[PDB]
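Quick notes on the structure that follows.
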Amino acid sequence: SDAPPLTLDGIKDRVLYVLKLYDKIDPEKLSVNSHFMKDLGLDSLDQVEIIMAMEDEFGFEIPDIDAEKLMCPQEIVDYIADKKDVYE
Amino acid sequence: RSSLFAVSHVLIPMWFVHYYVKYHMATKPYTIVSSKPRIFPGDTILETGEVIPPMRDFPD
Amino acid sequence: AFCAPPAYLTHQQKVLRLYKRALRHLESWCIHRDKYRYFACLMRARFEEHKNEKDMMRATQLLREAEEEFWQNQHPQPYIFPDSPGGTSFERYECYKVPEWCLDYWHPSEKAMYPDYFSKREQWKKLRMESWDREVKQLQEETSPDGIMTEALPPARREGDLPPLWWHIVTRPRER
Amino acid sequence: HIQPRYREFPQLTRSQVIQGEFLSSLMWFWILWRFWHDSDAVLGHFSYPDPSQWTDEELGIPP
Amino acid sequence: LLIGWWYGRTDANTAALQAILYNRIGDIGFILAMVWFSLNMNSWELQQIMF
Amino acid sequence: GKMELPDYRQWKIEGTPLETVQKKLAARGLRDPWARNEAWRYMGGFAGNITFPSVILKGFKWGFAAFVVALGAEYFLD
Amino acid sequence: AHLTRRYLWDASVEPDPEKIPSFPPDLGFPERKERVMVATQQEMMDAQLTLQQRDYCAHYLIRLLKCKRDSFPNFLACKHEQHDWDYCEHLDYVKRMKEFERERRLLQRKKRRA
Amino acid sequence: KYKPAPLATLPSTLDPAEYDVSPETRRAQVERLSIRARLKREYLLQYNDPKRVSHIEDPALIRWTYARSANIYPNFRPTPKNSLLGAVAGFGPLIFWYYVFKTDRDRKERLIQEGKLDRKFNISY
Amino acid sequence: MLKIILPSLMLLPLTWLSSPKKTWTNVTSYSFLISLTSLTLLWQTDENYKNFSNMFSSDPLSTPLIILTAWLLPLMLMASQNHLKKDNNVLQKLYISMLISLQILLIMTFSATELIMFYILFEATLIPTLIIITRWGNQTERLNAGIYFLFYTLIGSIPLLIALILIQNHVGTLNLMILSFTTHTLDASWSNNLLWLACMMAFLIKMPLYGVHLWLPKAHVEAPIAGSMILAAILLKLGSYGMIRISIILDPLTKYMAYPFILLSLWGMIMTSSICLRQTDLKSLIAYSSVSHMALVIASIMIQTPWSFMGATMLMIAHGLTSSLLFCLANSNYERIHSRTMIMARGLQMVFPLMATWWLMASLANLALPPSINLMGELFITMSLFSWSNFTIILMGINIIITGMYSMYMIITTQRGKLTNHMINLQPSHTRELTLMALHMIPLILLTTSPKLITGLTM
Amino acid sequence: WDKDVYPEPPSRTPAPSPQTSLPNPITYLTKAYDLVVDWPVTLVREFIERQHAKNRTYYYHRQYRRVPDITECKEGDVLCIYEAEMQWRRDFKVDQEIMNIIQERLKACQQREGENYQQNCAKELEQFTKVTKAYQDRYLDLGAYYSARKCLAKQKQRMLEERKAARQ
Amino acid sequence: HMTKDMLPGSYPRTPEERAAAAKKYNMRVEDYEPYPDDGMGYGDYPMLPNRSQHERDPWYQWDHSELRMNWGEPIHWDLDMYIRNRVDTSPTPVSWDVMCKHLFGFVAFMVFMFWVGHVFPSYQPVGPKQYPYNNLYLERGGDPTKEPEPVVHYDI
Amino acid sequence: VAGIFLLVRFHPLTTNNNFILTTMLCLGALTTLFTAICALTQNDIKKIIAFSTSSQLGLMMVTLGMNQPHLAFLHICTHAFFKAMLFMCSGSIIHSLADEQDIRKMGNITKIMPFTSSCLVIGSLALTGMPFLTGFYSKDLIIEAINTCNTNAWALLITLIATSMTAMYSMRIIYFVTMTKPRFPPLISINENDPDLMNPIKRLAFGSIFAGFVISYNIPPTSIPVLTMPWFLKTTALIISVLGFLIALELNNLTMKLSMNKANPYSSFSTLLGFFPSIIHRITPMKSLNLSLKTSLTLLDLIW
Ligand SMILES: CCCCCCCCCCCCCCCCCC(=O)OC[C@H](COP(=O)(O)OCCN)OC(=O)CCCCCCCCCCCCCCCCC
Ligand SMILES: CCCCCCCCCCCCCCCCCC(=O)OC[C@H](COP(=O)(O)OCCN)OC(=O)CCCCCCCCCCCCCCCCC
């Protein structure tokens, strides 16, 4: 029943997946570095919602101090990798 | 496996325990004190070849 | 768990964190996803109704009132993710999170196995007694002489230099 | 052994379902056998006589 | 010893010590009973105590 | 092992309570940008309503069947 | 029920569970017979019964224990006996209920005598 | 509305000290953070420093132990309520318990002398 | 007895004219052989007691103290070994000689027949202890600690001497069992009340009463490990032996001239078990534990019942062993961290997973986990005091609770959190100290299996 | 084991009346036990008793001459007081064992009778009460430092009151 | 190694003393506040908020994590009771004044109602049970040689 | 069950003390109610099960006070089967998911995990009192004696209120863990096809089904029960369990309907445990410790 380990490409897939499911702005065009305010023009409230969706997806919390600095899927993937200790 | 485990983890201990009981716990007076066995009318005891008589006519 | 709080939180940060906590407690209260989405959209409308306002005094007042409303309508048994404070796994593997220096006391007949491992551990030290002196100067020289200081740290600006004070952020044990 | 599934209803082996169905069917068979043969234990087997339906001859009360 | 298996968790230990505390509070009465019986019956066995 | 992810072109609000919630949020004049995420459930193998009868009367079919079988066998054997 | 009839209505014309045999027994019974005992003290003591249990039905209880110790590997073979014991205990309960009603009727007599 | 207590304190949200924007507040916060960061830098220049064979000391812990242990009597001063707390705590309960035990013992002894007691099976003491 | 004392006297030359490499080994081995030979005293086939001379004697109460004294020696040798390791050969030979002298004098004063010989030895026990505490301590308050210890003891001991002279004059001897076969009742006068006070205060100080407990925590905290061990195990027992021996002639005064001390003991028990909750020094915590345990011994001697004396003896020996064990356990860490502060080092049981067991069992004993002699003593003291008066059970239960609290506190703030990962100097556990702990524990198992050797005079 | 010291009344065991046709495991299990546990252990104890029989040894129960009592023992002569006190301690220990025997005799009867211990376990309870009264009159309130002299003082402090009662 | 100038001392009666005390304890001379002078050994030791260690941030990577307390930070005189295995001052949605009232009310009402149900019990309408041989006088202890006060149990 | 075993072992002495039997009957019942209440607004399976255990223990203390020790012990023995299988299925579900015990993040177990769902339903029914699943053979007799004896007429009521809260929180478990939609994370690695997990539960379930029969039909009759009573006493346990199930169905379907959840003091009380811990574990330590420090160590020892 032990669940399988994580992979960087897996986290990429899942993050881009959630962001594609997102509707308010994202016109299904999201490169790994689709900055939310510059490249997509989102609000900090939308960013809050995004981080909470990432949490509900992966099963753990992002401290608000560190979530107030995530604006790119790549930054999200990097934080999650640092937390889960992946790519041994 | 079941059988070898049975032997080496039940029998040997069971032999030691039977020895201990029979020769250090029943040789002493009040170490194994059983309660008395229920007896009912008609139960013919065997230590005296006795027979206790049955009960009275049951009204009904 | 990776940065340090700033000397003071700004109104923006306060409001964002209030929004996050309010939504988490809305989730706690509403068990079903449809209900959660409904009332989350309602709450975000309540919020956006006062996003283009700028009077700082009235803003702080609205915030001081919203925090009281939150304290009055908060779920007392909210959902906490397991590995987070208040969760059923917070500080559960600290029993197995043994540090690295515990291997300097190992016995030759213990490192006799894993020999390829301990050879790397060695040169990871050679990479440390050399990279130490320049990590100090980079702090000495990058010091604010005007007194001001905070809990930040700079990277290395060279080819070969390493981030100052790395050995403990690197080398730390898995979470498992 | 199994293959993880994402946002889908996973593949279900036959043992884990047949065994649960068997246990449930056995529980209900037991309930039915019992409720058939020993219904009293949940309903009653000894009525509760109506007080004052007796006669003053019994429980003698002089006038 | 079992509530405390994860001796890094600072709440399992609180729970363990809670259990210890309450069960000592019960041991107070247990020892009171043992003392009363040892004095007024010169015994600690169910058999004598049944008198 | 390499994991796969199905296309996002199938998780649609249509035919679920998310759609009724959308009706209500439109009556009030609003939109939900996330419903398509929560809509992975509510459809597929996870579709359908489960009932307290559904969970309590599980096995009852074959239970009752074998009960009647044993009853007939008992009547036979006397 | 008696609960209401005592705690809300007249509480002095309703019996008290601890004073049931208070009045004389034969105030309405001529040559009131006794309750018989068809089980002997020895027959009841050699069976190792309990003092909450060696009441007027210990004879059927003796038959039950007998037919149980016998036919043992096959329990469920002690139903016809269990029924008899349950019935005698039910009849004892009936006698107790009738004693209660007797005393209540005598309280009615005392309240109607004045 | 939430009434704070010394055991269920007031949160940070409802603390009007928070949301204060006065410079006499923000400057103080910045100075506190600067002190905190200076101390953390000092401590991390010792944690990760190689060539360290020993452990790290805690002058704050040392100060705390020295205060709770040995800096007491040099600052002690007899005062009212101090002499009184001491005398009470020291003697009162002893007097209470003395009279409890003495009453009980005297009662038991007079009972035994009169023979009005039941000491059945007491053959140990 | 002389076959026990002469070899202990010969351990001295052995120590001094042994080479600088084999002195520890040889003296420890021969100390173990002495502990072995001391078991002749346990050959008691009759209710008659032993009398080898007009000067020596043994009883079911003095034999266990003597054997514990002869057993603790090699343990103290082993424990005082890591420290004073660099110190000069001459200095460490001095240390060994101090230990051996303590052994000999304690054996003598437990095997003595005359109160005045008992006195001169119970007062000669000061020189070696003072010297060990002042010459080998690490702080600067060990001097004041020795002052306190020495002078509390002497101030308590002078009137005892005067009372002994008064007796030697009224009666013609101070010999035990003659003071028994000739004892008389008294007049319940003030002179005899002061005689009681005199005879008692020395011992009520040497085993700390609540109000004069202000020499034990000092001495422990400031003394080395062997001093701590002997102080906790035997020097706290000299008073108990002395009172159990001197209370036979003071009848019938202790029926009413004992209330104050029973009160002080039953209250200071609580008031020290509570300090064991909020003390920061592990050594002072264990000292206050010793105090809270000796309070029971005092209150049980005061009431003079067989069960009481039995519990007193059991708890004496058990607490000796357990306190020595706990002190050595704290010393194992001190040798590695040089700080008695408990909350400093935490999260052990990760790098020292076995010593966390010894830590645990020493705690299971102190909190009286059955089956154990700590409990076989506490229980009987409780029963005796309940027969005395039923209201003692309240304070007994309070003390039980607080003990169960602070034992587990000491366990958890050292072995059951998460590690202070910044501790690079945690040299793994020495076979020597593991052996110390094993030698402390195993005898407790054996005395729990055969507690007939530990009941005492009455039984 | 002397049955007079330790009664152990007889056992009324009844006849097995298997009023059925289904077997009983316990019987065949007991037979298997007799065959695979008893037989060999019995043989081994027989062998050990053989070795004993061929190298027997005897040991005797020590007798103790009676010496003067405290009554004929002067008020300060210790050569006699030692003998008397040793004798008293000896008898005190034997009395301990007597009382323990009575209690070991009562527990067995309680366990045996079971629910009939309130009617069939009375003479043992009476012996217990009597020996308890005696132990109390002899040794109850002496103290840790008990001795023949304190026992004598107790005896006299009792007899003077009994004499007062007698005369009035 | 430390020194009498690094260790604590006595009550500061000048700002020349408050400055050194606060700079030693590593606080600022404004936030520093010594304990009142009631002759109790405190001396110049900081007086700090009576908040526990639960209040602090769990997400911060402290130095002393189990204590949630940094390295040179001044330590609360009552840490041993706030070490997070002990007293918790963290706030509560409900308030002391109302929670105590609710608990006391629940308990006291339930006790009062126990007494009400004791004054007015519940039972079934039957007479006492009947045991033949004088309520089993012999079996129930009794005395064989003596006789009991005979009692009778009638039919119906 | 250790204290209850103690009290049954010492039942020969509680038989003649109507002050002990009366504080039993008036205390055990005070827990059946006070814990079930707590078990109606908690979100953790483990806490729910523990509060239910405490309620059943209060019930056994009640039947001890009413002088039914053998019945209390029979309940002790018929309770272990299902109160162990429940923790068993709980732990199965948990280890299948990512170590989460909060029911608010699980669902559809009836379909994604048939085995543990079936076993959980069996345990819940046995606990509620279904006519023959090891619950009946003890709880029915207990709840018959409770009203057939002369007793305390407030315990006789709160005992049954709690006997209903039993089915209430059991239905809560069933509905929030095995009937609603999968509000758990999206990654799914469920696996319950390991014999070391399937066989133990199968075994404990056979137990939970047949142990009451096998025992009650072999043990001796050390107490005469009362099979003479009205239907509204003979069927009260079953009826009230059913009513609890139905009330729970209603109040849980009300969890839907898009009506926000206005917090209330009743629910806050039941959720925060009546504040017993939140207040006691804060005053008593503070007093004890401030005394230990400022009075004994400081004022007496180091000062005076
Ligand atoms: C910091 C603490 C204070 C330290 C300074 C100590 C100051 C010392 C006190 C000053 C001197 C006062 C004592 C004078 C002694 C008087 C003589 C006496 O009391 O002896 C009487 C008694 C024997 O009398 P008896 O045998 O009956 O017949 C007549 C004599 N053939 O024989 C006896 O009773 C012997 C009495 C010896 C003196 C006992 C002193 C009090 C004992 C209890 C306290 C002990 C602690 C140290 C003293 C504390 C202060 C008193
Ligand atoms: C009809 C009847 C109704 C009334 C019945 C009344 C029955 C008597 C009730 C007495 C019990 C109340 C006192 C119990 C004290 C419990 C203290 C405690 O709980 O310690 C644990 C506590 C942390 O626990 P917690 O608050 O749950 O924190 C969890 C965080 N997630 O915090 C701690 O870790 C503190 C650790 C121990 C602190 C030292 C304690 C010293 C001893 C003081 C308590 C004993 C006082 C005597 C209690 C009464 C018994 C005589």
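So you can find residues: chains in the structure tokens are A, B, ... in the order shown, residues in each start at 1, and ligands are numbered from 1 in order.
Using only C-alpha atoms, the chain A residues found within 10 Å of chain F amount to residues 4, 7, 9, 10, 13, 14, 17, 18, 19, 20, 21, 22, 23, 24, 25, 26, 28, 46, 49, 50 and 53 of chain A.
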**Item:** Test item: residues no farther than 9 Å from ligand 1, counting only C-alpha atoms and all ligand atoms, as a ChimeraX atom specification
**Value:** /I:152,155-163,166-167,169-170,187,189-202
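Between CA of residue 72 in chain F and CA of residue 25 in chain D the separation is 18.2 Å.
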**Message:** Would you pick out the contacts of residue 292 in chain I at 7 Å or less, using only C-alpha atoms, so that residues sharing its chain but fewer than 3 positions from it are not included, and give the list as a ChimeraX atom specification?
**Reply:** /I:268-269,272-273,288-289,295
**Request:** Skip residue 33 in chain A itself and residues of its chain fewer than 4 positions away, then list as JSON, numbers by chain all residues within 8 Å of it, counting only C-alpha atoms.
**Result:** {"A": [72, 73, 74]}
**At most 7 Å from ligand 2 (only C-alpha atoms and all ligand atoms): residue list as a PyMOL selection string** = (chain E and resi 11+14-15+17-18+25) or (chain I and resi 401-402+405) or (chain K and resi 85-88) or (chain L and resi 27+277-278+280-282+284-285+288-289)
**Request:** Show which residues sit within 6 Å of range 117-128 of chain K, as a ChimeraX atom specification. Count only C-alpha atoms, and ignore same-chain residues fewer than 6 positions away.
**Result:** /G:20,96-97,99-100 /L:149-154
Restricted to N, CA and C atoms, what would the selected residues look like written as a compact mmCIF listing (two decimals), in the first residue's frame?
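Now in out29.txt:
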# COMPACT_ATOMS: atom_id res chain seq x y z
N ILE G 20 -44.55 -4.27 51.28
CA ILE G 20 -45.62 -4.94 50.55
C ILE G 20 -46.36 -5.93 51.45
N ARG G 96 -45.62 -12.04 42.57
CA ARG G 96 -45.18 -10.77 43.16
C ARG G 96 -46.06 -9.61 42.70
N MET G 97 -46.35 -9.56 41.40
CA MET G 97 -47.23 -8.51 40.89
C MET G 97 -48.60 -8.57 41.56
N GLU G 99 -49.25 -9.75 44.57
CA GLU G 99 -49.09 -9.22 45.92
C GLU G 99 -49.15 -7.70 45.91
N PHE G 100 -48.45 -7.08 44.96
CA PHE G 100 -48.48 -5.63 44.83
C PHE G 100 -49.92 -5.14 44.65
N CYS L 149 -35.08 -3.16 37.28
CA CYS L 149 -34.66 -3.02 38.66
C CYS L 149 -35.16 -1.70 39.25
N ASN L 150 -35.14 -1.63 40.58
CA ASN L 150 -35.35 -0.35 41.26
C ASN L 150 -34.04 0.43 41.22
N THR L 151 -34.06 1.59 40.58
CA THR L 151 -32.84 2.28 40.20
C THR L 151 -33.05 3.78 40.34
N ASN L 152 -32.11 4.54 39.79
CA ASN L 152 -32.18 6.00 39.74
C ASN L 152 -32.79 6.41 38.41
N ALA L 153 -33.85 7.20 38.48
CA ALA L 153 -34.68 7.48 37.31
C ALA L 153 -34.12 8.59 36.43
N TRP L 154 -32.90 9.06 36.70
CA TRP L 154 -32.19 9.92 35.78
C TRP L 154 -31.09 9.18 35.04
**Message:** For a quick test of understanding: name the residues of chain I lying within 10 Å of chain J when counting only C-alpha atoms, and present them as a list in words.
**Reply:** residues 46, 47, 48, 177, 178, 180, 181, 182, 183, 244, 247, 248, 249, 301, 303, 304, 305, 306, 307, 308, 309, 310, 457, 458 and 459 of chain I
So that I have them on file, write out the residues from the current selection with N, CA and C atoms, as a PDB file, in the first residue's frame.
ATOM      1  N   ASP I  46      20.114 -19.641  62.626  1.00  0.00           N
ATOM      2  CA  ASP I  46      19.317 -19.567  63.840  1.00  0.00           C
ATOM      3  C   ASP I  46      18.965 -18.115  64.113  1.00  0.00           C
ATOM      4  N   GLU I  47      18.061 -17.914  65.070  1.00  0.00           N
ATOM      5  CA  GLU I  47      17.701 -16.568  65.488  1.00  0.00           C
ATOM      6  C   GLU I  47      18.750 -15.939  66.391  1.00  0.00           C
ATOM      7  N   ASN I  48      19.741 -16.707  66.831  1.00  0.00           N
ATOM      8  CA  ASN I  48      20.870 -16.129  67.540  1.00  0.00           C
ATOM      9  C   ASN I  48      21.723 -15.329  66.568  1.00  0.00           C
ATOM     10  N   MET I 177      22.662  -4.825  73.571  1.00  0.00           N
ATOM     11  CA  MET I 177      22.012  -6.039  74.061  1.00  0.00           C
ATOM     12  C   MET I 177      22.161  -6.173  75.573  1.00  0.00           C
ATOM     13  N   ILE I 178      23.117  -5.461  76.166  1.00  0.00           N
ATOM     14  CA  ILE I 178      23.099  -5.257  77.608  1.00  0.00           C
ATOM     15  C   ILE I 178      22.240  -4.052  77.944  1.00  0.00           C
ATOM     16  N   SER I 180      19.916  -3.521  76.370  1.00  0.00           N
ATOM     17  CA  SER I 180      18.606  -4.090  76.081  1.00  0.00           C
ATOM     18  C   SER I 180      18.107  -4.978  77.217  1.00  0.00           C
ATOM     19  N   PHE I 181      18.917  -5.942  77.655  1.00  0.00           N
ATOM     20  CA  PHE I 181      18.501  -6.823  78.736  1.00  0.00           C
ATOM     21  C   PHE I 181      18.439  -6.122  80.086  1.00  0.00           C
ATOM     22  N   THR I 182      18.877  -4.864  80.181  1.00  0.00           N
ATOM     23  CA  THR I 182      18.793  -4.128  81.435  1.00  0.00           C
ATOM     24  C   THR I 182      18.009  -2.827  81.331  1.00  0.00           C
ATOM     25  N   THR I 183      17.475  -2.489  80.159  1.00  0.00           N
ATOM     26  CA  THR I 183      16.802  -1.207  80.000  1.00  0.00           C
ATOM     27  C   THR I 183      15.639  -1.081  80.979  1.00  0.00           C
ATOM     28  N   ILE I 244      17.853   3.130  65.063  1.00  0.00           N
ATOM     29  CA  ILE I 244      17.305   1.805  65.313  1.00  0.00           C
ATOM     30  C   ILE I 244      18.006   1.149  66.492  1.00  0.00           C
ATOM     31  N   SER I 247      17.027   3.702  69.966  1.00  0.00           N
ATOM     32  CA  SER I 247      15.639   3.905  70.356  1.00  0.00           C
ATOM     33  C   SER I 247      15.139   2.853  71.333  1.00  0.00           C
ATOM     34  N   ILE I 248      15.946   1.841  71.643  1.00  0.00           N
ATOM     35  CA  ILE I 248      15.484   0.771  72.515  1.00  0.00           C
ATOM     36  C   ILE I 248      15.445   1.222  73.968  1.00  0.00           C
ATOM     37  N   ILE I 249      16.312   2.159  74.354  1.00  0.00           N
ATOM     38  CA  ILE I 249      16.387   2.592  75.743  1.00  0.00           C
ATOM     39  C   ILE I 249      15.545   3.829  76.032  1.00  0.00           C
ATOM     40  N   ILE I 301      10.894   4.794  61.576  1.00  0.00           N
ATOM     41  CA  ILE I 301      11.599   4.550  62.831  1.00  0.00           C
ATOM     42  C   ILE I 301      10.827   5.164  63.988  1.00  0.00           C
ATOM     43  N   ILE I 303       7.726   5.433  64.665  1.00  0.00           N
ATOM     44  CA  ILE I 303       6.515   4.778  65.149  1.00  0.00           C
ATOM     45  C   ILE I 303       6.769   3.396  65.740  1.00  0.00           C
ATOM     46  N   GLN I 304       7.924   2.790  65.467  1.00  0.00           N
ATOM     47  CA  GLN I 304       8.374   1.584  66.159  1.00  0.00           C
ATOM     48  C   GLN I 304       7.363   0.443  66.015  1.00  0.00           C
ATOM     49  N   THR I 305       7.259  -0.044  64.784  1.00  0.00           N
ATOM     50  CA  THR I 305       6.524  -1.263  64.499  1.00  0.00           C
ATOM     51  C   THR I 305       7.369  -2.179  63.626  1.00  0.00           C
ATOM     52  N   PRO I 306       7.149  -3.493  63.712  1.00  0.00           N
ATOM     53  CA  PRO I 306       7.973  -4.417  62.913  1.00  0.00           C
ATOM     54  C   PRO I 306       7.873  -4.175  61.418  1.00  0.00           C
ATOM     55  N   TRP I 307       6.654  -4.035  60.897  1.00  0.00           N
ATOM     56  CA  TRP I 307       6.485  -3.716  59.485  1.00  0.00           C
ATOM     57  C   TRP I 307       7.205  -2.423  59.135  1.00  0.00           C
ATOM     58  N   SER I 308       7.142  -1.441  60.033  1.00  0.00           N
ATOM     59  CA  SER I 308       7.800  -0.161  59.806  1.00  0.00           C
ATOM     60  C   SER I 308       9.307  -0.332  59.667  1.00  0.00           C
ATOM     61  N   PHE I 309       9.925  -1.060  60.597  1.00  0.00           N
ATOM     62  CA  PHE I 309      11.368  -1.266  60.535  1.00  0.00           C
ATOM     63  C   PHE I 309      11.755  -2.071  59.302  1.00  0.00           C
ATOM     64  N   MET I 310      10.952  -3.077  58.961  1.00  0.00           N
ATOM     65  CA  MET I 310      11.198  -3.851  57.751  1.00  0.00           C
ATOM     66  C   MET I 310      11.224  -2.948  56.525  1.00  0.00           C
ATOM     67  N   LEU I 457      15.625  -6.968  61.572  1.00  0.00           N
ATOM     68  CA  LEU I 457      15.593  -7.581  62.896  1.00  0.00           C
ATOM     69  C   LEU I 457      14.277  -8.305  63.141  1.00  0.00           C
ATOM     70  N   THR I 458      13.159  -7.604  62.961  1.00  0.00           N
ATOM     71  CA  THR I 458      11.860  -8.153  63.333  1.00  0.00           C
ATOM     72  C   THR I 458      11.598  -9.479  62.628  1.00  0.00           C
ATOM     73  N   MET I 459      11.607  -9.466  61.300  1.00  0.00           N
ATOM     74  CA  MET I 459      11.324 -10.664  60.522  1.00  0.00           C
ATOM     75  C   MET I 459      12.468 -11.667  60.604  1.00  0.00           C
TER      76      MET I 459
END
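What separates CA of residue 43 in chain A from CA of residue 69 in chain A is a distance of 12.9 Å.
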**Message:** If DSSP is run on the backbone, what residues of range 101-133 of chain K are alpha helix (DSSP H)? A reply as an NGL selection string would be ideal.
**Reply:** :K and (101-119)
**Request:** Within 12 Å of chain G, which residues of chain J are there when counting only C-alpha atoms? Please give them as an NGL selection string.
**Result:** :J and (11-27 or 112-120)
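Using only C-alpha atoms, the residues found no farther than 12 Å from residue 148 in chain C, other than those of its own chain fewer than 6 positions away, are residues 7 of chain C; 27, 29, 30, 31, 32, 33, 34, 35, 36, 37 and 38 of chain H.
Distance annotation: of K:53, K:89, K:14, K:61, the residue with the minimal separation from chain H is K:89; atom set is only C-alpha atoms.
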**Asked** Got a sec to pull out which chain F residues are within 8 Å of chain D, counting only C-alpha atoms, and send them as an MDAnalysis selection string?
**Response** chainID F and resid 4:5 40:41 44:46 58:64 66:67
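Using only C-alpha atoms, we find that the part of chain L lying within 7 Å of chain H comprises residues 282, 299, 300, 302 and 303 of chain L.
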Only N, CA and C atoms, please: the residues just picked out, written as an mmCIF file, in the first residue's frame.
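Wrote it out as again_27.cif, contents follow:
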data_model
loop_
_atom_site.group_PDB
_atom_site.id
_atom_site.type_symbol
_atom_site.label_atom_id
_atom_site.label_comp_id
_atom_site.auth_asym_id
_atom_site.auth_seq_id
_atom_site.Cartn_x
_atom_site.Cartn_y
_atom_site.Cartn_z
ATOM 1 N N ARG L 282 -4.760 23.294 32.713
ATOM 2 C CA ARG L 282 -4.136 24.605 32.709
ATOM 3 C C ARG L 282 -4.105 25.240 34.087
ATOM 4 N N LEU L 299 11.100 30.331 48.625
ATOM 5 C CA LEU L 299 10.803 30.988 49.892
ATOM 6 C C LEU L 299 11.342 30.199 51.078
ATOM 7 N N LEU L 300 11.139 28.884 51.093
ATOM 8 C CA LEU L 300 11.523 28.086 52.254
ATOM 9 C C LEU L 300 12.986 27.659 52.204
ATOM 10 N N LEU L 302 15.773 28.047 49.740
ATOM 11 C CA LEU L 302 16.865 28.934 49.367
ATOM 12 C C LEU L 302 16.839 30.269 50.096
ATOM 13 N N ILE L 303 15.834 30.531 50.929
ATOM 14 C CA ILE L 303 15.712 31.835 51.569
ATOM 15 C C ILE L 303 15.669 31.716 53.086
#
Per residue of chain A within 10 Å of chain C, what are the shortest atom pair and its distance in Å to one decimal, counting only C-alpha atoms, with rows by chain and residue number, as a Markdown table?
| residue | atom | partner | partner_atom | distance |
| --- | --- | --- | --- | --- |
| A:44 | CA | C:16 | CA | 7.6 |
| A:45 | CA | C:16 | CA | 6.9 |
| A:46 | CA | C:44 | CA | 9.8 |
| A:47 | CA | C:16 | CA | 9.7 |
| A:48 | CA | C:20 | CA | 6.9 |
| A:49 | CA | C:20 | CA | 8.1 |
| A:51 | CA | C:20 | CA | 9.9 |
| A:52 | CA | C:20 | CA | 8.2 |
| A:55 | CA | C:81 | CA | 9.3 |
| A:56 | CA | C:81 | CA | 9.4 |
| A:59 | CA | C:81 | CA | 7.0 |
| A:60 | CA | C:81 | CA | 5.8 |
| A:61 | CA | C:81 | CA | 6.8 |
| A:62 | CA | C:1 | CA | 9.4 |
| A:63 | CA | C:1 | CA | 7.6 |
| A:64 | CA | C:17 | CA | 6.8 |
| A:65 | CA | C:5 | CA | 7.0 |
| A:66 | CA | C:3 | CA | 7.0 |
| A:68 | CA | C:13 | CA | 7.9 |
| A:79 | CA | C:2 | CA | 9.4 |
| A:82 | CA | C:2 | CA | 9.7 |
| A:83 | CA | C:175 | CA | 8.1 |
| A:84 | CA | C:175 | CA | 7.0 |
| A:85 | CA | C:174 | CA | 6.4 |
| A:86 | CA | C:174 | CA | 9.5 |
**Request:** Compile the residues of chain B that lie within 10 Å of chain G, evaluated using only C-alpha atoms, and express the compilation as a PyMOL selection string.
**Result:** chain B and resi 35-43+52-59
